[PDB]
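Engineer: Sharing a structure with you now.
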Amino acid sequence: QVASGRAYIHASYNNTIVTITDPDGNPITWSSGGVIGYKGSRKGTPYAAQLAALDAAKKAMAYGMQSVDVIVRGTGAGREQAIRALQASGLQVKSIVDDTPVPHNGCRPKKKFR
Amino acid sequence: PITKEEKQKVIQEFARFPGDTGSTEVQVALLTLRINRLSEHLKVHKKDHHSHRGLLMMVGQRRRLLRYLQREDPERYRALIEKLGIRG
Amino acid sequence: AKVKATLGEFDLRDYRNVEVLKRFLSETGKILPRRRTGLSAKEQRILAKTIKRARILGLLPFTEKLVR
Amino acid sequence: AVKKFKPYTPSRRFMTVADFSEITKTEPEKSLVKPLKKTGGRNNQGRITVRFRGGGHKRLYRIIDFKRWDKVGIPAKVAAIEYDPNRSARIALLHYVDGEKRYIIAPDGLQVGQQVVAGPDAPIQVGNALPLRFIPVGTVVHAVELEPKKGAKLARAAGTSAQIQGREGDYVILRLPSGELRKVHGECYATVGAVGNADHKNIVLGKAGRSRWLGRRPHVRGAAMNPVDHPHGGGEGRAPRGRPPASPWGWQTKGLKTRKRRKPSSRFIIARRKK
Amino acid sequence: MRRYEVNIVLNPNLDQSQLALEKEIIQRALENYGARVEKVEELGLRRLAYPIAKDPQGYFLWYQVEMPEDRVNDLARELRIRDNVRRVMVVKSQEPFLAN
RNA sequence: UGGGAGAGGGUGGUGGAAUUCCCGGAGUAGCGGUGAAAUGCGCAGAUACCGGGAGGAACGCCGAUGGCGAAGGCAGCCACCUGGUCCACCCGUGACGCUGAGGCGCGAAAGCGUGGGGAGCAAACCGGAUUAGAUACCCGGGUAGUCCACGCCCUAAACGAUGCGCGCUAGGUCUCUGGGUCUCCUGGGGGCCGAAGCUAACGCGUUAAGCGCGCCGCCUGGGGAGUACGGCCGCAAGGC
Ligand SMILES: [Mg+2]
Ligand SMILES: [Mg+2]
Ligand SMILES: [Mg+2]
Ligand SMILES: [Mg+2]
Ligand SMILES: [Mg+2]
Ligand SMILES: [Mg+2]
Ligand SMILES: [Mg+2]
Ligand SMILES: [Mg+2]
Ligand SMILES: [Mg+2]
Ligand SMILES: [Mg+2]
Ligand SMILES: [Mg+2]
Ligand SMILES: [Mg+2]
Ligand SMILES: [Mg+2]
Ligand SMILES: [Mg+2]
Ligand SMILES: [Mg+2]
Ligand SMILES: [Mg+2]
Ligand SMILES: [Mg+2]
Ligand SMILES: [Mg+2]
Ligand SMILES: [Mg+2]
Ligand SMILES: [Mg+2]
Ligand SMILES: [Mg+2]
Ligand SMILES: [Mg+2]
Ligand SMILES: [Mg+2]
Ligand SMILES: [Mg+2]
Ligand SMILES: [Mg+2]
Ligand SMILES: [Mg+2]
Ligand SMILES: [Mg+2]
Ligand SMILES: [Mg+2]
Ligand SMILES: [Mg+2]
Ligand SMILES: [Mg+2]
Ligand SMILES: [Mg+2]
Ligand SMILES: [Mg+2]
Ligand SMILES: [Mg+2]
Ligand SMILES: [Mg+2]
Ligand SMILES: [Mg+2]
Ligand SMILES: [Mg+2]
Ligand SMILES: [Mg+2]
Ligand SMILES: [Mg+2]
Ligand SMILES: [Mg+2]
Ligand SMILES: [Mg+2]
Ligand SMILES: [Mg+2]
Ligand SMILES: [Mg+2]
Ligand SMILES: [Mg+2]
Ligand SMILES: [Mg+2]
Ligand SMILES: [Mg+2]
Ligand SMILES: [Mg+2]
Ligand SMILES: [Mg+2]
Ligand SMILES: [Mg+2]
Ligand SMILES: [Mg+2]
Ligand SMILES: [Mg+2]
Ligand SMILES: [Mg+2]
Ligand SMILES: [Mg+2]
Ligand SMILES: [Mg+2]
Ligand SMILES: [Mg+2]
Ligand SMILES: [Mg+2]
Ligand SMILES: [Mg+2]
Ligand SMILES: [Mg+2]
Ligand SMILES: [Mg+2]
Ligand SMILES: [Mg+2]
Ligand SMILES: [Mg+2]
Ligand SMILES: [Mg+2]
Ligand SMILES: [Mg+2]
Ligand SMILES: [Mg+2]
Ligand SMILES: [Mg+2]
Ligand SMILES: [Mg+2]
Ligand SMILES: [Mg+2]
Ligand SMILES: [Mg+2]
Ligand SMILES: [Mg+2]
Ligand SMILES: [Mg+2]
Ligand SMILES: [Mg+2]
Ligand SMILES: [Mg+2]
């Protein structure tokens, strides 16, 4: 195991997926609106992300994980809840940094996003 | 482009008198000089239609001047066009 | 707070002036608006053209992460 | 730029001919031609082993320099570009400052009067040959040796080229004309640029006789034959295939792969071809 | 003839004498394409704003030169051939433009 | 003559972001998607995370109510080639002008021919929903095509639904770009509000839709019909 690693929050309008990694970015454990038995729209709610992070942090802590640099991608409804969840779990959140992908005008969006 | 040196040669070689910068003769030679470097530019860049509009304007412009000099002096007219090789 | 005021005389065509230029970028690497830059219409176009060069030369960033 | 014909015969409607406008010399170097034994697709038993061959125009073979590492360091001048009836590419005649005269495949954009040279130090320049390990990544290359010193084997047909994509130890990664990605040894030679005469594919033979000039005798469909001849033979009236479409010899011919599976070059084929 | 600034970044992890062979090639290329060197500002190693060829830094050359306009494109290309030349940006020399 | 601003056009290069695919690592029970679902994908190891590679397209911030062009239209950055245009000096020619039936060139998208390219997107098409139906909207897929080169097609709410040139008739405000003596004065553009006046009204108003002159295009009730016949053009679609 390792003392400290990172924490990645992928959160869209449909779901929030949390994955804990190590220093080198390789994953240690993950969770999401599905791992806490939510199916469908319920997966995108802030409570869903809360449980998802808490389950993701708990699994990580049970691997010796102590500290986390928080990396957030997406604009989902459960984004800002998931961040609160990480600190409140017992993990020592060192930093929080947004890394959401944004095209410098790349590929044509699906009709739904124009 | 066209350097001021080459530009002064056409003014020199066509000025009706040392000092003349806007007579019909030096105007046509100045235009013929633009027209020909552009005619050669559009032989390479055939897709450059915007510059071709400018080519057409210079062409019409030179034609109107030559219509004026041929009304005043058909001897100044013939002499100028043979020194520039026009009329096809 | 305006950048142009907080800076003495400078050449906004020198693209190698990372020290002057890096002050015109946001915390995330974006070319600042005029409401932050204090440059005019003519100055801002020239600034942007030179910032853009330095980004290509690797002297300036295209984009940075947001830290909180 | 292929040349066309007015429809003054039924066949001239469609016939196109190469323009030949790059050719500077119209009879071959006498010291570099030899007789080309026509075969008619017959082997040494006398049996047809490749159907529908023969009857084409007489040809002299032109000896082509497919090594070039023969003469490392010796600049040659491009003396002429010539027609070669044995390949799709044109060929270029080099006058080496040695005095030696050789033919190579004429790459695209090569000009009479320029100089080419072979070797590790050769300028990255159309017509120069280098070992693949010294050609910078991304360079379009042709006449490529497939194993070091065994001779240029790849990309020799008119218009083709291979693109260098990366390196890996002694080997380079090529994208072949087929679109396959393959490891080829770094010490293998290749020539900068693509093969010329790229318009070759746009020629429209235009009439049956033109195929006969090339040695191509008519091809007869299996569905035109009788059962003794062919899987598709026979039947009253016309007939669909009535079985998976087959060759004369009975193997399937729509998709049945035929590369040998346990072939050692498999360790070097990264990606099969495309399209 | 027109004045241009030729910016060049090199492989930062070379030795000093390999670096010299690269500059010698640059110098000959400059010389062969009709360039007239006037200045030379060689700041060398500089950490970059982003990785270039998986390298956080690169060796920065710079030449204020004068050359015939019809050749700068070929020159800038011939410079790009060597793989250690990771960036080349020729730029028309301009009179400064100043604020304050 | 000397200056200037600009996504004006053409060619050759080249930079980063992102999506997709591929290889390696780490990792496991779902992911995706919706109004809610399902199809779909996923223990044959997906999603989410990291390293690597290939390839196409489009250029975030700057960026604007902005700029340029005759219009269509033009937006990373570098160089070459090329057009238009404005301003200062008042130096040259001496009415050389304006418009313009025909003609000729340019002409968004889509479409067409021949090669090439193909990541994303997506007519057609297939599937999942919804519904009485659902040949739709919503979802998961997906072929042309979107991209490049050359050659065609020549259409449009091709709009300011406002032809071009010139002269004349209050100003206020904002902005782009020049020049000066740098409050400001003065040019050339781009908007707003308004004098007089115009208008059926809405509205227009020194960017006229005001007052005038020149020349061109065009209208003459609706439907039939931009159809038919004829002619010309086009590979076709179809255009005039
Ligand atoms: Mg959901
Ligand atoms: Mg400078
Ligand atoms: Mg023909
Ligand atoms: Mg005919
Ligand atoms: Mg030929
Ligand atoms: Mg003999
Ligand atoms: Mg034989
Ligand atoms: Mg025998
Ligand atoms: Mg026998
Ligand atoms: Mg025998
Ligand atoms: Mg056979
Ligand atoms: Mg035979
Ligand atoms: Mg040949
Ligand atoms: Mg052959
Ligand atoms: Mg090999
Ligand atoms: Mg054919
Ligand atoms: Mg033959
Ligand atoms: Mg055949
Ligand atoms: Mg047959
Ligand atoms: Mg039969
Ligand atoms: Mg029969
Ligand atoms: Mg028999
Ligand atoms: Mg039998
Ligand atoms: Mg039998
Ligand atoms: Mg038999
Ligand atoms: Mg049989
Ligand atoms: Mg049969
Ligand atoms: Mg029979
Ligand atoms: Mg039959
Ligand atoms: Mg029958
Ligand atoms: Mg029969
Ligand atoms: Mg059957
Ligand atoms: Mg069979
Ligand atoms: Mg077999
Ligand atoms: Mg293959
Ligand atoms: Mg290089
Ligand atoms: Mg001037
Ligand atoms: Mg994997
Ligand atoms: Mg299933
Ligand atoms: Mg298993
Ligand atoms: Mg690809
Ligand atoms: Mg005067
Ligand atoms: Mg006078
Ligand atoms: Mg069109
Ligand atoms: Mg189109
Ligand atoms: Mg097409
Ligand atoms: Mg596709
Ligand atoms: Mg269905
Ligand atoms: Mg449906
Ligand atoms: Mg129902
Ligand atoms: Mg039903
Ligand atoms: Mg769809
Ligand atoms: Mg899709
Ligand atoms: Mg696909
Ligand atoms: Mg409009
Ligand atoms: Mg109209
Ligand atoms: Mg009109
Ligand atoms: Mg305008
Ligand atoms: Mg105004
Ligand atoms: Mg009134
Ligand atoms: Mg009236
Ligand atoms: Mg009113
Ligand atoms: Mg009003
Ligand atoms: Mg008004
Ligand atoms: Mg006004
Ligand atoms: Mg009518
Ligand atoms: Mg009518
Ligand atoms: Mg119509
Ligand atoms: Mg009609
Ligand atoms: Mg008709
Ligand atoms: Mg009409």
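Engineer: Could you work out the mean count of beta carbons from other protein chains within 10 Å of each residue's beta carbon in E:49-57?
Structural biologist: Taking the mean over all residues of the peptide, I get 3.
Engineer: Count, for each residue of E:76-86, the Cβ atoms from other chains sitting within 10 Å of its Cβ, then give me the mean as a whole number. Don't skip to the answer; put the middle values down first.
Structural biologist: On the way: counts 0, 0, 2, 0, 1, 5, 2, 3, 0, 0, 1.
The shielding value for this peptide is 1.
Engineer: Further question on the same structure: For the range B:1-87, go through all pairs of different Cα atoms, get the mean of 1/r, take its inverse, and jot down that Kirkwood value in Å.
Structural biologist: 13.7
Engineer: What does the average come to when, for each residue of peptide D:188-194, you count the partner chain Cβ atoms lying within 10 Å of its Cβ?
Structural biologist: Partner-chain Cβ atoms within 10 Å, mean over residues of D:188-194: 0.
Engineer: Over the alpha carbons of the protein assembly as shown, what is the largest minus smallest coordinate on each principal axis, giving the biggest first in Å?
Structural biologist: Result for the protein assembly as shown: principal-axis Cα extents of 98, 89, 60 Å.
Engineer: First check a/c for chain A, with a ≥ b ≥ c the square roots of the eigenvalues of its C-alpha gyration tensor; if it is under 1.5, answer rounded, and if not, answer prolate when a/b is larger than b/c or oblate otherwise.
Structural biologist: Oblate is the answer for chain A, as a/c is 1.5 or above yet b/c matches or exceeds a/b.
Engineer: So what is the diffusion coefficient of chain D in µm² per second by Stokes-Einstein at 37 °C and 0.692 mPa s, using a Kirkwood Rh over Cα pairs?
Structural biologist: Working: Rh = 21.6 Å.
In µm²/s, the coefficient rounds to 152.
Engineer: Another question about this same structure. Report, please, the projected area of chain C averaged over directions, based on the convex hull of its C-alpha atoms, in nm². Don't jump to the answer; show the numbers that get you there.
Structural biologist: On the way: hull surface 18.5 nm².
Average of the hull's projected areas for chain C equals 4.6 nm².
Engineer: Something else: Within 10 Å, count the other beta carbons around each residue, average over each peptide in E:45-57, D:196-208, and list them highest first.
Structural biologist: Going by the mean number of other Cβ atoms within 10 Å, highest first, we get D:196-208, E:45-57.
Engineer: Another one. Please identify the GluC sites (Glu not before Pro) of the range D:129-200 that satisfy two criteria: DSSP loop assignment and at most 10 other Cβ atoms within 10 Å. Which are they?
Structural biologist: none
Engineer: Another question, if that's okay. So which GluC sites (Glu not before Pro) in the range C:1-36 are both in a DSSP loop and have at most 16 other Cβ atoms within 10 Å of their Cβ?
Structural biologist: Loop-located and lightly packed - C:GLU9, C:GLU27.
Engineer: Dipole magnitude of chain A about its Cα centre, charges +1 at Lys/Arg Cβ and -1 at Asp/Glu Cβ only, in debye to the nearest 20?
Structural biologist: 740
Engineer: Tell me, A:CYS107, D:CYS188 in order of fewest to most beta-carbon neighbours within 10 Å? Present the calculation step by step, with values, prior to reporting the outcome.
Structural biologist: Details: A:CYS107 6, D:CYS188 25.
Exposure proxy ranking, most exposed first: A:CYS107, D:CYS188.
Engineer: Summing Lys, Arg as +1 and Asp, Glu as -1, what charge do residues with Cβ under 9 Å from the Cβ of D:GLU145 carry, D:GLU145 excluded? Please report the intermediate quantities before stating the final value.
Structural biologist: Values: positive: D:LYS67, D:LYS149, D:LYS150, D:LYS153; negative: D:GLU147, D:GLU187.
Combined, the nearby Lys, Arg, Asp and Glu give +2.
Engineer: Would you compute, from DSSP H runs of 4+ residues alone, the mean residue ellipticity of chain A at 222 nm, taking -39500 (n - 2.57) per run and dividing by the full residue count, rounded to the nearest 500?
Structural biologist: Helix-only estimate at 222 nm: -7000 deg cm²/dmol.
Engineer: With a bin width of 10 angstrom, please list the P(r) values of the range D:61-207 as percents of all Cα-Cα pairs, from the 0 bin to the one holding the largest distance.
Structural biologist: 13, 44, 32, 9, 1, 0
Engineer: Still on this structure, I have one more. Go through chain B and name the GluC sites (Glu not before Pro) that are in a DSSP coil and have 16 or fewer other Cβ atoms within 10 Å of their Cβ.
Structural biologist: B:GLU13
Engineer: Hey, any idea what Rg/Rh is for the range E:1-97, computing Rh the Kirkwood way over Cα pairs?
Structural biologist: In the range E:1-97, Rg relative to Rh is 0.96.
Each value in this text was obtained by applying a stated rule to the coordinates, not by laboratory testing. Please note: Cβ atoms are built from the backbone with ideal geometry, for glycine as well, and neighbour counts cover all protein chains shown.
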